[PDB]
Enquirer: 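Supplied in structure tokens, the structure appears directly below.
In this chain, numbering begins with 1 at the start of the sequence shown. Remember, it's 1-based here, ligands and their atoms both numbered in the order they're listed.
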Amino acid sequence: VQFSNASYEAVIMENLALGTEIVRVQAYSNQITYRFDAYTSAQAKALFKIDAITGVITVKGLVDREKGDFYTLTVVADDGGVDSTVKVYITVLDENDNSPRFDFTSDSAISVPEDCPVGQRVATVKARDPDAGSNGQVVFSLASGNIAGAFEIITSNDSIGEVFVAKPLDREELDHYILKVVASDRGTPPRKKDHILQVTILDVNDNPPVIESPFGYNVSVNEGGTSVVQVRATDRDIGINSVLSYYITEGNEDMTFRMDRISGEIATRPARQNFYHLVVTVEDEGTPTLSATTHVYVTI
Ligand SMILES: [Ca+2]
Ligand SMILES: [Ca+2]
Ligand SMILES: [Ca+2]
Ligand SMILES: [Ca+2]
Ligand SMILES: [Ca+2]
Ligand SMILES: [Ca+2]
């Protein structure tokens, strides 16, 4: 009718082996038998058992702190003669038994213009770890593919990773990244999960046409429609940012010459001076418009 103690307490690690003895209830007057009362939860009765004779409570099931960190058992001491009851309080401590998992709201493929300023945010990732304290805090890093330190990841709220431009980008040097984002917990030792973020670098019109002849063109013609010279230029950008237009902008007031806008070929017009100094402008078709100038000196 009386118990060895006012209540019983035990502190156990989650995932403790089945059969582990956690506490012994003892009552005294007649044989005494021990059992859980009717009100003790189904969840608790699946995890713990009490020996009818000894009063020893053992681990019966898989104790998972992420499913519950505290149980109240009520134990009946039946002398076969209402029976006395006593409370048993079980605290469950944390194992670092979970790795971070990325949420599906995490960016996995982004497009960044190569003139994206240092400090601008280009992506966010989110990860969770259901362990307790340090075992559940998440910190992000860029473990590989972060060529020349282009990007940096900053962690908020042990939960969100913000990806920023850390160094100026240049599509003409590197037009894509495969960043291996790592979510680590702060367990000792830590558990980690990786996530791939693909970065495509978009072109800006940041390269001018470059004239292939550094000193311009010096030519003699002795012609109606006779080709005189082809001006050529290149451009390091792509798409419309490297599509070139060729114009004669000065020295052709008497209309002796024609320049094909696309090919840069100069011809005499179908149709007087012994000498012409043509100025040629080459423009790309991007924004802002970039251009180069060259000189074409024509002797007839
Ligand atoms: Ca667990
Ligand atoms: Ca963890
Ligand atoms: Ca845990
Ligand atoms: Ca560039
Ligand atoms: Ca460019
Ligand atoms: Ca260009």
Enquirer: Tell me, which protein N/O/S atoms are under 3.0 Å away from the Ca ion (ligand 1)?
Expert: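 Near the Ca ion (ligand 1), below 3.0 Å, one finds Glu14 OE1, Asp64 OD1, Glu66 OE1, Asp97 OD2.
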Enquirer: Looking at the Ca ion (ligand 6), which N/O/S atom of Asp237 is the nearest one?
Expert: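 Of all N, O or S atoms belonging to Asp237, OD2 is the one nearest the Ca ion (ligand 6).
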Enquirer: Can you name the closest pair of heavy atoms from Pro100 and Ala183 and give their distance?
Expert: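 Where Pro100 meets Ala183 most closely, the heavy atoms are CG-O, 3.6 Å.
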Enquirer: Quick check: closest heavy atoms across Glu114 and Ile201, and the distance to 0.1 Å?
Expert: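 Minimum heavy-atom separation between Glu114 and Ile201: CB-CG2, 3.6 Å.
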Enquirer: Quick check for you: to the nearest 0.5 Å, what is the distance between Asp129 atom CG and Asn96 atom CG?
Expert: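 Answer for the CG-CG pair, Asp129 versus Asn96, is 6.0 Å.
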Enquirer: Using the Ca ion (ligand 6) as the apex, give the angle to atoms OD1 (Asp235) and O (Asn241), rounded to 10 degrees.
Expert: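 So the angle at the metal works out to 90°.
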Enquirer: With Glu14, which of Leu93, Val92, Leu62 fulfils side-chain contact (heavy atoms from CB on, under 4.5 Å)?
Expert: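 When side-chain contact (heavy atoms from CB on, under 4.5 Å) is applied between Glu14 and each of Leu93, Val92, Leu62, only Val92 qualifies.
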Enquirer: Spell out, as yes or no, whether a donor-acceptor pair under 3.5 Å connects the side chain of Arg232 to the backbone of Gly264.
Expert: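 No, the answer is negative, given that no donor and acceptor are paired below the 3.5 Å cut-off.
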Enquirer: Starting from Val204, walk the hydrophobic network (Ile, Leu, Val, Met, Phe, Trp, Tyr; side-chain heavy atoms closer than 4.5 Å) and list everyone else you reach, by chain and number.
Expert: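 Via sub-4.5 Å side-chain contacts, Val204 links to none.
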Enquirer: Looking at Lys45 and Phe36, what are the two nearest heavy atoms and their distance?
Expert: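 Of all heavy-atom pairs spanning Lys45 and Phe36, the closest is CE-CB, 3.9 Å.
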Enquirer: I need the OD1(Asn205)-the Ca ion (ligand 6)-OD2(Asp284) angle, rounded to 10 degrees.
Expert: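 Roughly 80°, rounded to 10°.
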